[PDB]
Structure formats: structure tokens, C-alpha cells
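In: Sequence isn't available, so here's the structure alone:
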């Protein structure tokens, strides 16, 4: 609200202001490729924790 | 009251002083106007916190 000012004549109508702002989303990706043979020919379990 | 001076002859009649000071009252005002259309058509709530 405007700061109060001395009342000399008749009330003066004044104006306020409104603001706006927006942020747009984005998409992200990441992928890897492990061959079927190497994944299946694995007794050690070294490749197991990829998830 | 006058400081006490040494008495030698007669008594000298001094005088004092009174003081005054006044502060006058002032009138302040502030006014904001929004159209009825703009107030009722607001479906967002931006103009709600004016009071």
C-alpha cells in the first residue's frame, strides 16, 4: 500500500502493482549398454549392481 | 532558581523565566482504487491481500 501522505484537499486515488514469474520443467536421461553374453557369462557377480 | 551569591550589602531582586513549546496535529491519508470488474473477475487471488 502507498505510504500515507498529508490530507490537504480531497483523497487522491493511487495505484498498486502485481508481479509474475514462471519456471519451465526439463527432461533428463542416462543409459548404458552391456552385451547379453557378458551379462550372462558372469559367475563373479561383478556386473550385478548396475541398478 | 538563581545561584546563591555572597551577601554584602542589600538584597538584589533577580527574575526567573518560563518556557513554552507547542506541537500541532497533522492529518494523513492514503487511497487505492480497483474496478469492480477487475475485482470480481480475479480467479487467482492476487488482489485479495489489499486490506
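Out: Good, I have the coordinates. Numbering: from 1, shown residues only, chains lettered A, B, ... in the order given.
In: quick one: secondary structure of the residue sitting nearest the centre point of chain A?
Out: Nearest to the geometric centre of chain A sits residue A:25, at 5.8 Å (C-alpha atoms, centre = their mean). In three-state terms, and counting by DSSP: H, G, I helix; E, B strand; the rest coil, residue A:25 is coil.
In: okay, now residue A:7: neighbour count?
Out: For residue A:7, the neighbour count with other C-beta atoms under 10 Å in any protein chain shown is 14. C-beta: built from backbone N, CA, C; applies to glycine.
In: which non-adjacent residue is nearest it?
Out: Distances taken as C-beta to C-beta, 6 or more residues apart in numbering or on different chains put residue B:29 closest to residue A:7, at 4.0 Å, once the chain neighbours are dropped.
In: give me the beta-bridge partners of the one you found?
Out: Each beta-bridge partner of residue B:29 is listed here, defined by DSSP bridges: residue A:5.
In: give me every residue that touches it.
Out: Residue B:29 sits next to A:4-7, A:11 when contact means C-beta atoms under 8 Å, 6 or more residues apart in numbering or on different chains.
In: any idea which of those residues has the most stuff around it?
Out: Highest count within the contacts of residue B:29 by other C-beta under 10 Å belongs to residue A:7, 14 neighbours.
In: and residue A:37, that's in a helix?
Out: Yes: counting by three-state DSSP, residue A:37 is found in a helix.
In: Could you check how far it is from residue A:44?
Out: 15 Å (C-beta to C-beta, to the nearest Å).
In: Would you mind listing what in chain A touches chain B?
Out: A:1-7, A:11-16, A:18 (C-beta under 8 Å from any C-beta of the partner chain).
In: Right, I'll call it a day here.
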